[PDB]
Amino acid sequence: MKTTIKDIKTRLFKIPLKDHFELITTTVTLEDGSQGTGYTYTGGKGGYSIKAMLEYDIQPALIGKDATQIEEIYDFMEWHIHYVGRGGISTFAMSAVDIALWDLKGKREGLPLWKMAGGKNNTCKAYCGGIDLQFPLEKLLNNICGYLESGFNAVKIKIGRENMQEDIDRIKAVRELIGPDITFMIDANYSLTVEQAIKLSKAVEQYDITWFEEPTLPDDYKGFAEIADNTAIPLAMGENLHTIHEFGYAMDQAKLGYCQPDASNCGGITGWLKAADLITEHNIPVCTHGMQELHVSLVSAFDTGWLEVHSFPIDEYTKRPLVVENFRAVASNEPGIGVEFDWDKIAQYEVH
Amino acid sequence: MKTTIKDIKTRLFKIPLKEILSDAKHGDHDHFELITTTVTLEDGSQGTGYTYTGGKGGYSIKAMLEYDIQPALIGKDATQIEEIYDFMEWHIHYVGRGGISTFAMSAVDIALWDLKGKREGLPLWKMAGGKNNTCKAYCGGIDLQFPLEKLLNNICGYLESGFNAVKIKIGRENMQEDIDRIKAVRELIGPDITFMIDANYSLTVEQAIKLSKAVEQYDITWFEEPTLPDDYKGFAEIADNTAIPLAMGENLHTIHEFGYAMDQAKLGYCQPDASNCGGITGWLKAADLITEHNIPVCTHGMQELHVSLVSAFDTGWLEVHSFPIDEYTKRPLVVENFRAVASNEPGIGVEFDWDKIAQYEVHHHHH
Ligand SMILES: [Mg+2]
Ligand SMILES: [Mg+2]
């Protein structure tokens, strides 16, 4: 059958940073020879685990099937590895496959992802964050000036030192530099307690902080609600939510103002849409985490939230690095997911 | 340090099953998968823990252990099982919060507890709570495709094996079939045998209600995973409209997820599985939580390790799973007057017959 899945190949790359992040490619070949690649990525752990799952648990089960029936295959995968699923490694792996199918669906239908995911805009608000917690203060600000002159009107910094006061300092430093008009967000990486967080959001309400990202453990939905009810800075989370249920819980109880689903680990573009469709119902901004190359097509598709521009140069090893027109990420009109890996450049980082 | 971690060796086994086992959502089952993890110290000390699966995930569990966790563990004090376990959570967090990650963590932590026992010279049931060395138990079968005669004969075997409680799978497209097979099992075992059911998260809320209603008359001790274990509210709705107590737990991989259950699911019985919710340390954290909500601490799979744990808390039941891990152990499960007998050797009470399972080792290989 024309669209029947004939082969699937999955490669793992260790790519250096500035220490290193993982990239997992997954290429689906069809009957008529059409190809499509999807991917997922990591901050350094579980690359092998993801590739093992794909290569033993999921891929051989997928050979034979019709690549056009993507919801079907998605659903099938979720039940197939359920015992060792319900999030974790299993969802990275699922994403990689689902994205490649979306890619074939794009090339097949001659449509770019931004129109495929709903097509409400081809451009979107963006903002830069860094792996900046350990950074000396002057080093941080010189970095942020960099972002502002590259063409971005919003920045973000990590907070969460045992020395709380050092954090309120760095937040005030950045607001001085950027002035009234540039947007400011903070991300705590679930290092705070509820009461620790409430301390900090109270201490910096004055700096027009646009959101407080993952203030406490993301598994603490009541926690967030306790925070938000003692706080006037909008709460944000999503990175680490891997299941449409986990997003369900977040809307139901977490009282969030901004939600950031990551297509690479909440089950690809099918899952991401599940999440974004949900978030929209709750009249909340649809934002994203990591994977700028892909997500620009997705944020722009719902036109409502921020595209996070992450440190990982995943886009530096593709054909089209993120494109900015005045303070806005621009999405590719090329059919597919609008991402296409520079195979020759990453080939040196492939592993095993 | 004399109990620093030296080398940690992890093995995969694809162990076949005497026959094909089916249930409502996992399809078929011709083998299960075993993962063994041996932690060695600076004084020759050797502890070994394990986890299992229904045939999927083994390579993925070995991979995670071999690259992401094992190297980061070497040169820590095996005594600090609290610290090493707290460490593993944050270490793989980005690709964690359950799923493959907690299987991984469980094998390692159970090793550390096998060391803590051998080093302290204590049996698990004392370590895990002490409150008893024997415990109630029931036989589960992954038996949904077995025609009615085979299911009954097979059940006739569980009674004759010295057991006073049994469970059967339900989840057929035709609800009537499941009703007629429950009615049958009750008619075969008489009033005195405890009887449970298990639908493997295969029903809609409406279906679980209709089903539970049409069979409450057969004195069903609990109703295991009627619906998705992520639909806590779903569990609420079912419990609010039916009499037979609800049970879940075997798919909950996080202390938070058990929290959600106790908070919302309105469960009568909960079933932590040490193999996949953070080993013995996590199991206790969850058993403790299950206890404070005045719910009987039961158990899923891995009969030879849990017999210690259900005994130790002495409030719930021990499942005699259909993956006969204990048969490739040196000590098969021991039943005395319808009760499970916890091992008294120091450690976890489990020591595999490496010679027997040796023929079943798998090894990665190359694509
Ligand atoms: Mg964050
Ligand atoms: Mg069950």
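By convention in this document, chain letters (A, B, ...) are assigned in the order of the sequence lines, proteins followed by strands, and residues within each chain are numbered from 1. Computed over heavy atoms, backbone and side chain alike; hydrogens, waters and symmetry mates excluded.
The backbone N or O of A:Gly46 sits less than 3.5 Å from a side-chain atom of B:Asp68, completing a donor-acceptor pair. Without hydrogens or angle criteria, A:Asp103 side chain to A:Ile99 main chain gives no donor-acceptor distance under 3.5 Å. In this structure, A:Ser95 contributes its side chain and A:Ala263 its backbone to a donor-acceptor pair below 3.5 Å. Listed for the B:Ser275 side chain is no donor-acceptor partner under 3.5 Å among the backbone atoms of B:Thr51. Using modelled atom types, one side-chain atom of A:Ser49 and one backbone atom of B:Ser60 make a donor-acceptor pair closer than 3.5 Å. In terms of modelled atom types and a separation under 3.5 Å, the side chain of B:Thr48 and the main chain of B:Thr38 share no donor-acceptor contact. Counting only distance, with no hydrogens or angles, the side chain of A:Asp132 and the backbone of A:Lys158 share a donor-acceptor pair below 3.5 Å. Side-chain atoms of B:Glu257 come within 3.5 Å of backbone N or O of B:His253 as a donor-acceptor pair. Within the 3.5 Å criterion, the main-chain N or O of A:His310 finds a donor-acceptor partner in the side chain of A:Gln292. Between the B:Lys14 side chain and the B:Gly55 main chain, a donor and an acceptor come within less than 3.5 Å of each other.
Checking A:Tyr190 against B:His93 by side-chain atom types alone, a donor-acceptor pair falls below 3.5 Å. At a cut-off of 3.5 Å, with distance as the only test, no side-chain donor of A:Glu325 or A:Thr123 sits close to an acceptor on the other residue. With 3.5 Å as the limit, one finds a donor-acceptor pair spanning the side chains of A:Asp66 and A:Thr68.
The line from CD1 of B:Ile100 to CD1 of A:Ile50 is 10.5 Å long, rounded to the nearest 0.5 Å. Put simply, CE on A:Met237 and CG on A:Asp219 are 9.0 Å apart, with the number rounded to the nearest 0.5 Å. Atom CG in A:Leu54 sits 8.5 Å away from atom CD1 in A:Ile24 (nearest 0.5 Å). Here OG1 of B:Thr40 is found 9.5 Å from CD1 of B:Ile5. Values are rounded to the nearest 0.5 Å. Note: A:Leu217 CG to B:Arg97 CZ = 9.0 Å, rounded to the nearest 0.5 Å. Distance check: B:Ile84 CD1 to B:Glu89 CD gives 14.5 Å after rounding to the nearest 0.5 Å.
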Do A:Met53 and A:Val84 pass the side-chain contact (heavy atoms from CB on, under 4.5 Å) test, and can you show the C-alpha distance, the side-chain angles, and the key distance before you say yes or no? CA-CA 10 Å; A:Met53 171 151 305; A:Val84 299; 3.8 Å; yes
Could you please spell out the steps behind the side-chain contact (heavy atoms from CB on, under 4.5 Å) verdict for A:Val28 and A:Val97? CA-CA 8 Å; A:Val28 173; A:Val97 160; 5.5 Å; no
Check step by step if side-chain contact (heavy atoms from CB on, under 4.5 Å) holds for A:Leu322 and A:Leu307. CA-CA 11 Å; A:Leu322 190 53; A:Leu307 177 80; 3.8 Å; yes
Chi angles and distances behind the side-chain contact (heavy atoms from CB on, under 4.5 Å) call for A:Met116, A:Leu113: CA-CA 5 Å; A:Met116 297 192 96; A:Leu113 183 45; 4.2 Å; yes
I would like to know whether A:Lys156 and A:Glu308 meet salt bridge (charged side-chain N to carboxylate O under 4.0 Å, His left out); could you show each step before the answer? CA-CA 9 Å; A:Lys156 178 201 210 163; A:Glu308 177 181 8; 3.8 Å; yes
Between A:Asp262 and A:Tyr41, is a side chain to side chain donor-acceptor pair (under 3.5 Å) present by the stated rule, with each step listed? CA-CA 11 Å; A:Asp262 186 343; A:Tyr41 69 90; 2.5 Å; yes
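Minimum heavy-atom separation, A:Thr304 to A:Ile284: CG2-O, 3.9 Å. What you find for B:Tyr94 and A:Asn240 is that their closest heavy atoms are CD1-OD1, 4.0 Å. Listed here is the closest heavy atom pair of A:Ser300 and A:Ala329: OG-O, 4.3 Å. A:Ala93 approaches A:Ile58 most closely through the heavy-atom pair CB-CD1, 4.1 Å. Pairing each heavy atom of A:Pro285 with each of A:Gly305, the nearest pair is CB-CA, 4.3 Å. Taking every heavy atom of both residues into account, A:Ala236 and A:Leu256 meet most closely at N-CD2, 4.2 Å.
Aromatic rings from A:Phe302 and A:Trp272 are positioned such that their centres are separated by under 6.0 Å. The distance between the ring centers of A:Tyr39 and A:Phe341 falls below 6.0 angstrom. In this structure, B:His367 has its ring center under 6.0 Å from that of B:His364.
By the 4.5 Å heavy-atom criterion applied to side chains, A:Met94 and A:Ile81 are counted as neighbours. In this structure the side chain of A:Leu294 never reaches within 4.5 angstrom of the side chain of A:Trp102, judged on heavy atoms. For the pair B:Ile8/B:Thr37, a side-chain contact is recorded, criterion being any heavy-atom separation below 4.5 Å from C-beta on. Within the 4.5 Å cutoff, the side chain of A:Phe312 has no heavy atoms near those of the A:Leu23 side chain. Counting heavy atoms from C-beta outward, B:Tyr360 and B:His31 have side chains that stay 4.5 Å or more apart. For the pair A:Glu55 and A:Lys9, the minimum side-chain heavy-atom distance is below 4.5 Å. The shortest side-chain heavy-atom distance between A:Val330 and A:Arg320 falls under the 4.5 Å cut-off. At least one side-chain heavy atom of A:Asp187 sits under 4.5 Å from a side-chain heavy atom of A:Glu214.
Legend: side chain to side chain donor-acceptor pair (under 3.5 Å) pairs involving residues 326-347 of chain A, not counting sequence neighbours, sorted by first then second residue: A:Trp114-A:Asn333, A:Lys319-A:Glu340. For residues 27-50 of chain A, the pairs satisfying salt bridge (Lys or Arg N to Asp or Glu O under 4.0 Å) are A:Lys2-A:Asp32, with sequence neighbours left out.
In this structure, A:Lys18 places its NZ atom where only 12 or fewer heavy-atom neighbours from other residues, nucleotides or ligands lie under 6.0 Å away. Other residues, nucleotides and ligands contribute over 12 non-hydrogen atoms within 6.0 Å of the NZ atom of A:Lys107.
None of A:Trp211, A:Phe152, A:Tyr258 except one satisfies the ring-ring contact (aromatic ring centres under 6.0 Å, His included) rule with A:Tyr127; the exception is A:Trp211.
For A:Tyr48, the ring-ring contact (aromatic ring centres under 6.0 Å, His included) partners are A:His352, B:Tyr67, not counting sequence neighbours.
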